[PDB]
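An overview of the molecular structure
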Amino acid sequence: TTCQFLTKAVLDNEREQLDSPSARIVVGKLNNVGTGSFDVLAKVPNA
Amino acid sequence: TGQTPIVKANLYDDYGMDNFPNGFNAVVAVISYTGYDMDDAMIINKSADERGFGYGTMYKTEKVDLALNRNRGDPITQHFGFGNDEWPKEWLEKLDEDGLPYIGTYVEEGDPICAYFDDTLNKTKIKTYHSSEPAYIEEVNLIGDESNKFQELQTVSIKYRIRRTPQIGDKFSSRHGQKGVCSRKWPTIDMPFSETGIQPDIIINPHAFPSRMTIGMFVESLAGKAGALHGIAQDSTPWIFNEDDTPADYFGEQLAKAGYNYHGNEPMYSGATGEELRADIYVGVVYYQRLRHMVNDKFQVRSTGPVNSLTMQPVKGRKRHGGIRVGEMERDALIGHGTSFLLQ
Amino acid sequence: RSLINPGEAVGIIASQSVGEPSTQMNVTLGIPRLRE
Amino acid sequence: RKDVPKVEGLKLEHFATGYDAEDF
Amino acid sequence: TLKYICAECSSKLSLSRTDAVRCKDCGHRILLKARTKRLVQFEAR
Amino acid sequence: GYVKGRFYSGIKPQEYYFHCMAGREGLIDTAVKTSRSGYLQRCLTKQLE
Amino acid sequence: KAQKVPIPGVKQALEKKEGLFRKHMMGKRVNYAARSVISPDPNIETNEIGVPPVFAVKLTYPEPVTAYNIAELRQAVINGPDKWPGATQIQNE
Amino acid sequence: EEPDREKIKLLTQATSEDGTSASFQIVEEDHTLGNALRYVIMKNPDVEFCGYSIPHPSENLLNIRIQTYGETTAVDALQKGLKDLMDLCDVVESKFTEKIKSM
Amino acid sequence: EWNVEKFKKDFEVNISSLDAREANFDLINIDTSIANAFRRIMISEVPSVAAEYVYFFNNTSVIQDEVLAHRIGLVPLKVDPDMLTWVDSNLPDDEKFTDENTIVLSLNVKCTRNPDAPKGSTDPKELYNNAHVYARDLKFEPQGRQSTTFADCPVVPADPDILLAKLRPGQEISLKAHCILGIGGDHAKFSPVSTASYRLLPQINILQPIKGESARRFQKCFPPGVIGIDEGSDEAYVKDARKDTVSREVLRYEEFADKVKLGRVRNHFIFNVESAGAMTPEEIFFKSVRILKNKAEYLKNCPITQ
Amino acid sequence: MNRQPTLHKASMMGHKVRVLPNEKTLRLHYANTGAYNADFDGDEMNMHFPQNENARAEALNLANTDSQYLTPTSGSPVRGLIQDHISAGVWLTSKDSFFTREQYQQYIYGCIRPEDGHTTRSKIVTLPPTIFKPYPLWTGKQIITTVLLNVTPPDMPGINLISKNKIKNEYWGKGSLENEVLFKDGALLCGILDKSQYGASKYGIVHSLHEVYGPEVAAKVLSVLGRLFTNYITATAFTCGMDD
Amino acid sequence: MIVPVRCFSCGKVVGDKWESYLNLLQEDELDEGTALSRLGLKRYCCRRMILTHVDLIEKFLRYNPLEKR
Amino acid sequence: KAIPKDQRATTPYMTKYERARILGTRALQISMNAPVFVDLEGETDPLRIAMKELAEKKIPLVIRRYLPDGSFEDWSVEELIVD
RNA sequence: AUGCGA
Ligand SMILES: [Zn+2]
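The rules behind the values
- Residues numbered from 1 in each chain as written, not as in the entry; some residues may be left out.
- Chains lettered and ligands numbered in written order.
- Part of a larger assembly, values for the part shown.
- Heavy atoms only, no water.
- Helix = DSSP H or I, 4+ residues; strand = E, 2+ residues; numbered from the N terminus.
- Buried < 20%, exposed > 50% of the residue type's maximum accessible area, 1.4 Å probe, protein only.
- Contact = heavy atoms within 4.5 Å.
- Areas by Shrake-Rupley, 256 points an atom, 1.4 Å probe, with all protein chains shown as cover.
- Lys, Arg positive; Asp, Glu negative; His and termini not counted.
- Charge placed at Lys NZ, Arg CZ, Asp CG, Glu CD.
- UniProt positions renumbered as here; feature names shortened; annotations may be inferred.
- Pairing = 2+ DSSP bridges.
- Axes fitted to C-alpha atoms, helices over the stretch in contact; angles between N-to-C directions.
- Parallel < 35°, antiparallel > 145°, perpendicular 65-115°, else oblique.
- Left-handed = near helix turned anticlockwise from the far one by under 90°.
- Nonpolar A, V, L, I, M, F, W, Y, C, P; charged D, E, K, R; others polar.
- 1 Å grid on protein atoms, 1.4 Å probe; cavity = no way out; pocket = protein on both sides within 12 Å on 5 of 7 lines; lining within 4 Å.
- Points joined across faces, edges and corners; volume = space filled by probe spheres on them.
- Polar contact = N/O pair within 3.5 Å; in protein donor to acceptor, adjacent residues only side chain to side chain.
- Expected span 1.5 Å × (residues − 1).
- Core = buried A, V, L, I, M, F, W, Y, C linked by side-chain atoms within 4.5 Å.
- Domains from an automatic or database assignment.
- Buried area = accessible area lost by both parts, 1.4 Å probe.
- Salt bridge = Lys/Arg side-chain N within 4 Å of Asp/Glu carboxyl O.
- Disulfide = S-S within 2.5 Å.
- Donors = N, O, S within 2.8 Å, 3.2 Å for Na, K, Ca; no water.
- Near = heavy atom within 4 Å.

By the naming in the PDB entry, chain E goes by DNA-directed RNA polymerases I, II, and III subunit RPABC4 and is assigned to Saccharomyces cerevisiae.

Chain B appears in the PDB entry as DNA-directed RNA polymerase I subunit RPA135 from Saccharomyces cerevisiae.

With respect to the overall build of chain E
For chain E, the helix and strand inventory stands at 0 helices and 3 strands. Helices and strands appear in chain E in the N-to-C order β-β-β. Across the 45 residues of chain E, 40% fall into the buried class. In chain E, of all internal contacts separated by at least 6 residues, the share reaching a separation of at least 24 is 27%. On chain E, roughly 2,700 Å² of surface is accessible, and the fraction owed to carbon and sulfur atoms is 45%. Put simply, chain E has 11 plus and 4 minus side-chain charges, and the middle of one group is 6 Å from the middle of the other.

Description of the UniProt feature "binding site: Zn(2+)" in chain E
Per the UniProt entry, the sites bearing "binding site: Zn(2+)" are E:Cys6, E:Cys9, E:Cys23 and E:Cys26 in this numbering. These annotated residues cover 21 residues of sequence, but their C-alpha atoms sit close together, with the largest distance between any two at 7.6 Å. Relative to the assigned elements, E:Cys6 resides in strand 1 (residues 4-6). Apart from residues lying up to four places away in sequence, E:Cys6 is in contact with E:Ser11, E:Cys23, E:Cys26, E:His28, E:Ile30 and E:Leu31. Along the chain, E:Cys9 turns up in the loop between strand 1 and strand 2 (30-33). If sequence neighbours within four positions are ignored, E:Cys9 has contacts with E:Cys23, E:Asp25, E:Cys26 and K:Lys68.

A few points about the arrangement of the chains
One finds no contact linking chain D with chain G; the least C-alpha distance across the pair is 37 Å. Across the gap from chain A to chain H, with no contact made, the nearest C-alpha atoms are 36 Å apart.

Quick notes on the pairing of strand 2 (residues 33-40) of chain G
Counting buried residues in strand 2 of chain G gives 7 out of 8 residues, a clear majority hidden from the surface. In this sheet, strand 2 of chain G lies alongside strand 17 (residues 300-302) of chain B in antiparallel orientation, the contact comprising 3 bridges. What sits directly across from B:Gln300, in strand 2 of chain G, is G:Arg35. Bridge analysis of strand 2 of chain G against strand 3 (residues 44-48) of chain J gives 5 bridges, and the strand direction is antiparallel. Looking across to strand 3 of chain J, one finds that G:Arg35 is bridged to J:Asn46. Where strand 2 of chain G and strand 2 (residues 26-28) of chain J come together, 3 bridges link them in parallel fashion. Bridge assignment links G:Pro40 to a residue of strand 2 of chain J, and that residue is J:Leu28.

Side note on the packing of helix 4 (residues 101-111) of chain J against helix 8 (residues 215-235) of chain J
Residue and element names in this part refer to chain J. One can describe the packing of helix 4 onto helix 8 by two numbers: an axis separation of 8 Å at closest approach and a directional angle of 135°. In terms of axis orientation, helix 4 runs oblique to helix 8. You can see that helix 4 and helix 8 cross each other, and the crossing is right-handed. Residues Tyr107, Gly110 and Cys111 of helix 4 pack against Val224, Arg227, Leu228, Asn231, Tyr232 and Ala235 of helix 8. A per-class count over the contact of helix 4 with helix 8 returns 6 nonpolar, 2 polar and 1 charged.

Let's talk about empty space enclosed by the protein
For the largest cavity, the calculated volume is near 130 Å³. Taken together, 19 residues make up the lining of the largest cavity; nearest its centre are B:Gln199, I:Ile43, I:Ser194, I:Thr195 and K:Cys10. Considering every element that reaches the lining of the largest cavity, the biggest residue donor is strand 11 (residues 193-206) of chain I, with 5 residues. In terms of residue class, the lining of the largest cavity is built from 7 nonpolar, 9 polar and 3 charged.

Some remarks on the side chain of I:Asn101
Residues and elements named next belong to chain I. On the secondary structure map, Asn101 appears in the loop between helix 4 (93-96) and strand 4 (103-110). We classify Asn101 as buried; its relative accessible area is 7%. Here the side chain of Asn101 touches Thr98 through a polar contact of 2.7 Å, landing on its backbone nitrogen.

Observations concerning helix 5 (residues 140-151) of chain J
The first and last C-alpha atoms of helix 5 of chain J sit 16 Å apart over 12 residues, in line with the 16 Å expected at 1.5 Å per residue. Every buried residue of helix 5 of chain J is accounted for by J:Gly140, J:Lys141, J:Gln142, J:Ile143, J:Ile144, J:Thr145, J:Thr146, J:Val147, J:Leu148, J:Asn150 and J:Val151.

What to know about the nonpolar core
Formed by 134 residues in total, the largest nonpolar core has its most connected members in B:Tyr288 and K:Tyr44. Of the residues forming this core, the biggest block, 11 residues, is contributed by helix 8 of chain J. Sequence-distant contacts of B:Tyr288, defined by excluding residues within four places in its chain, comprise B:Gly23, B:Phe24, B:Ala26, B:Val28, B:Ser173, B:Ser174, B:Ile202, B:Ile204 and B:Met217. H:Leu62, I:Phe38, I:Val289 and I:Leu292 belong to the second largest nonpolar core, which has 62 residues in total.

Things to note about the domain arrangement of chain B
Residue and element names in this part refer to chain B. With domains assigned, chain B is organised as domain 1 (1-1 + 56-165) and domain 2 (2-55 + 166-306). Here domain 1 and domain 2 have C-alpha centroids that lie 44 Å from each other. Contact residues are listed per partner, giving 7 residues for domain 1 and 13 residues for domain 2. Together domain 1 and domain 2 conceal approximately 880 Å² of surface at their shared face, both sides included; 43% is due to carbon and sulfur atoms. Here domain 1 is connected to domain 2 by 1 salt bridge. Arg164 is paired through a salt bridge with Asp297; the nearest N and O atoms lie 3.0 Å apart. Counting the contacts that link domain 1 with domain 2 gives 6 residue pairs in polar contact.

Points about the packing of helix 1 (residues 16-31) of chain L against helix 2 (residues 46-56) of chain L
Residues and elements named next belong to chain L. Two numbers describe how helix 1 lies on helix 2: the axes approach to 8 Å, and their chain directions differ by 120°. Considered as vectors, helix 1 and helix 2 are oriented oblique to each other. Of the two possible hands of crossing, helix 1 and helix 2 adopt the one that is right-handed. Contacts between helix 1 and helix 2 involve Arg19, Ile22, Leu23, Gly24, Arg26, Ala27, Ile30 and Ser31 from the first element and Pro46, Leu47, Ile49, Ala50, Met51, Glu53 and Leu54 from the second.

Quick look at the state of the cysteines
Note on terminology: a disulfide is the covalent bond linking the sulfur atoms of two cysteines. All names here are of chain E. Across all of its chains, the model carries 1 disulfide over all chains by this definition. A sulfur-sulfur distance of 2.2 Å marks the disulfide that ties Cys9 to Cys23. Judged by the torsion about the S-S bond (100°), the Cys9/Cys23 disulfide is right-handed. One end of the pair, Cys9, is in the loop between strand 1 and strand 2; the other, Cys23, is in the loop between strand 1 and strand 2, and 14 residues separate them in sequence. For the pair shown, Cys9 and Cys23 are each scored as buried.

Some words on the coordination of the zinc ion
All names here are of chain K. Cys7 (SG), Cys10 (SG), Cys45 (SG), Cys46 (N) and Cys46 (SG) make up the full set of protein donors to the zinc ion, lying at 2.1 to 2.3 Å. We note that the donor set of the zinc ion lies within a single chain, spaced as C-x2-C-x34-C-C. Of this pair, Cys7 sits in the segment before helix 1 (18-26) while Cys46 sits in helix 3 (residues 44-51), and the two are 39 residues apart along the sequence. Each member of the pair, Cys7 as well as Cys46, carries the same accessibility label: buried.

With respect to the protein's contact with RNA strand M
Near RNA strand M you find B:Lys171, B:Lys179, B:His293, J:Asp41 and J:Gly42, and these make up its full shell. Each atom of RNA strand M within 4 Å of the protein was classed as base or backbone; sugar and phosphate made up 100%. At 3.0 Å, a side-chain N or O of B:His293 approaches a sugar or linking oxygen of RNA strand M. A distance of 3.4 Å separates a phosphate oxygen of RNA strand M from a polar backbone atom of J:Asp41.

Brief notes about the sheet that holds strand 2 (residues 72-76) of chain L
In spatial order, the strands read 1(A)-1(L)-2(L); together these 3 strands make up an open sheet with antiparallel pairing. The open sheet terminates on both sides in strands that have one partner only, identified here as strand 1 (38-42) of chain A together with strand 2 of chain L. Taking each pair of neighbouring strands and ignoring which way they run, the sheet shows an average axis angle of 25°. Here strand 1 (residues 61-66) of chain L runs beside strand 2 of chain L; their pairing, made up of 5 bridges, is antiparallel. Note on strand 2 of chain L: the bridge partner recorded for L:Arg65 is L:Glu73. Where helix 1 of chain L meets the sheet, it contacts strand 1 of chain A together with strand 1 of chain L, and its direction lies at approximately 40° from that of strand 1 of chain A.

Rendered as structure tokens:
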């Protein structure tokens, strides 16, 4: 009943906080689970 | 290469299936030995296939129609042949100056299947051949029929002969619904050879029988072997025998009169080393049939292809160069693995 | 050193470990009971 | 029930290599 | 000489772009394109 | 339905009609049981993802 | 909501059953994919897969060229698209 | 004509430097030569270990690893094998011709 | 102690039967690895000359063109395979076939009707002409040198009676077969032998003697002539263990199965080599031993690579 | 590689690509077929080639077969040899199975390629014969000792295990004792091996090597065993017939 | 289709033994066993090749479109 | 969001998922000409090279471990116990 | 869609 849930969302003016893995796939986002559960940075020389 | 089973019901004759034999009597060793004979994989003699074993052919028919657009002769304009000269004269390498291929012609996907000329385009155009493999043109049939005049012969049916060699992955089955693909075409030298001087056509692993309870296959082996040695067909009608007249005794004794193991095994030597194998191997003659499902032919690969415009996602089908679906279950399963960089 | 790593998709793991073996499957038993 | 009859031409169909029915 | 066999009369013939597609000996409207002496290479397997 | 015959010595025809019964009911259960597990998988796999 | 198998509207769109979201979003066709009948083999590793050379020539990797892989990729080009550990295409920087 | 550069190959990964173990890879060979070669090689009293293995029937390869004692090199021991096979085949052919003559 | 000359001391051959098409010979006091080497080589490695490139000019027959090509490949030719070297691949087909490397056989058959068979069926051979296409129809087409060279070894199908195809009036076959040098290993069509197999000499260990009607009763349990009885009041003896087939039928009966052992003589080999006609089987064996030696010479000759 | 029954994550694993010449079909090792629930009957598999180093790294570290040694459902390991390999272990592992120095070494190189990284030694190590007297003789269990000594790192003591068989002792005789599986420092001193031992049901031997040396070792053991039994099935083969 | 050239299993040329064998069952009124014994098919690989044959080409040949009927 | 280093409370060990991503990203960087701080020693696969770099912890990367709050702990490779 | 490998 996707459209019914849609209705309930718009009528709420809902905002997706884009946490759901399914939703995250729908929006083309790195999945938050597992290897996407975290971030990677790099140490770079400042001089 | 069709044969009549040695072992048959008498209704095989009474219903005449001998008119249309669908398989052949093969030398089978019931042996796990090669290590490619497990579960559903069976080995064929390579030299045996080279001798033509299970060779089969597949015919594909084509209808080339040009009356689909018909609508008041008027502008009808296509005639098989040429007009602009500008066509690659190498098209004659396959198609006669009338636009139809020379019956017998070798064709590969992309080659022209016919040549025609439409005045609107002032061009000699061709309908390309689209297949995964080459074929040969078997028949070219000219259809003017049901037509009012149509004398220009705008509809032609062309039959292609595509050869089907026994190959790894093609499915094969005995008369017992115990189907398996040929895992590999074992060199004849590497096969095991009996002290009779033969090496089997097909090897089926014994561990397949204990779950399937295909013991009809055991008796078919011992009866087809007896019937080849004495040289007569054996009756396989259900309940011609009885608990007090087992077939293993009937054909067993017949075989022993023949000069062969009553239990039907024969001492074979390893092709590779040469020692005598631990035990006498169960060998016999079994009617094996090649299933049309060469799912071997079902292989497909796509690293690039068309996409649907409403998604720009891989299109569908092997023949369409379509792309397999990673469904919901595969998506979820990849999330299970944590492979989120693989899932994206 | 046997502890579960941070970030494991343990929900899914649960779901497959209950579904997958439920294919081998006086009171309601089996699949109707599990669905119920 | 009658038993299926055994064949009358029930005779040796195998020999050693080197040998024949001249001994049969 | 191109050749076209009548599916129903066996009569050999040599159709042209200027004639009706019919067996002049039978009248059939279906023609098998005849094989000719044309070289094709074959691997003997 | 008690079949005294065995595969090594065969089954009486009245007995083949029963082993055929069991074999069919096996193939039916086998062909429907896998369709009863898809909805169990997806219905809660959606939640724990 | 109208008044016969009428043309579907947007609601009978990505939702309902399989649809778009299920059949083209939560699961999709993909490139770089193959389908084939599987065959046993004890001589390969138990963790590897023996791929027939049709796939070896029809599956590519987008290889960034370096000083360390110049030899291998230069060779793959030398083979051309129609040879072993070859390469079908080259995308410049 | 050229000294065959590809028939036998010495897999440094599988060859002692100290002195008596190597793995050789022969192209276009199998048990055919292999089992006879291992048989004669095992006839060498100075071979501690020798054997052959086919990486895969489809692979059309023969690998034969020779580890000997500190009294011989695998190349030398192998040459002894080959001289043994050639001379042995001389014996076989000679007795076969002789028995053909004996008729 | 063991030397290869101590093998020469120990190795024996006994040839039972030598036909120009069959050889039955024994190798006593050898290793199985060697017999298997010869067998394997005799099968796959002995080069032979066989049709490889069949050029059709016309085939209207109801027999599939490809299939007929395979059948023409399968026909063994009575050709000394040494008349030709191998044909490379580094070079174009026009260079592939020369009188040094290829033998050409032409087939030109045109089917007709026969002038009017009486009766009914009338035999397709009576009703039709050249209805049966045989190997005897392969006309040999020499070139120059080998034209002379075959003066006393012309090219003939090793079995002209082989039915190749059956036609009907108006069907025709014109093809030019290119017969080349190949190995029984590359395709079974190049195997010069139909069956090369060996069997170890059966050993019949009589554990305790048997006599009278148990002695003859035991004797009939084995192939007729393996077990001999001279008197039977004292023993049932083995006339010839070589006659046996190892049917192991005696084991069905305790009267004997507890007073005999059935084994083999690991050293003694009973070879059976049947020729496909191209060469006499012993000649094929000669090629097998010289081939194995030639391979060992190749391996001596090879430079240890790295 | 992913099968059809995506029923669980174990049905879609990462494999190391090996192009095999003159093939047309996807080639797979038997040990995996019980994780895909696959059978060569005609089953088809999908092959995915990832286009990204992060996903490659996952296919080398996460999806790999060794990371799937056990199921998460139960931790009964899953992957093991099957049918023919099991019965081959039963035949080779009989106390009655003897092997000549030549044969023994043959089985070893048949199963061990040092060039393949199959060892931690760069040479070979070997056992003394079972029988010093009449004919230097090695057993098959001694062969399993030799292979285990050759695949495990020399810097480590041999695996010690007390397991059981699926074979009651009664079948090997009135005083025979053959269900007691005895492992001493990596050396099989009593009993045979079967589904209970090198199948895919936890414990046994393979489970223990997986536990002690880890999944790379356990997988290496699987490839070595698969070769051992395939070749040994070449020497002795296996058959079944009406006499049985 | 047509009597195979060689016995798949063995390798013995068999295509020469068809017509005589059929003749021997006709002409010699022999039995299949004895006929094959005189033909030398002393292996069941060679026995089965001919015994099982179905020379269906005679049925194919009546469809020849290259002659009037 | 900054979890004080003295106040960092997470697992001293690199997770299998942590290890995998580290090696993948660093390898990919090497494949984009990140400076190699170790002997290439013949290797051509950037992934095996990154494997060597992990063996020496020369990698100059930091893992930002998130908590569902959003606070995170930035950990170097050179400290989280690899194995 | 139906059938199919299953
Ligand atoms: Zn035969």
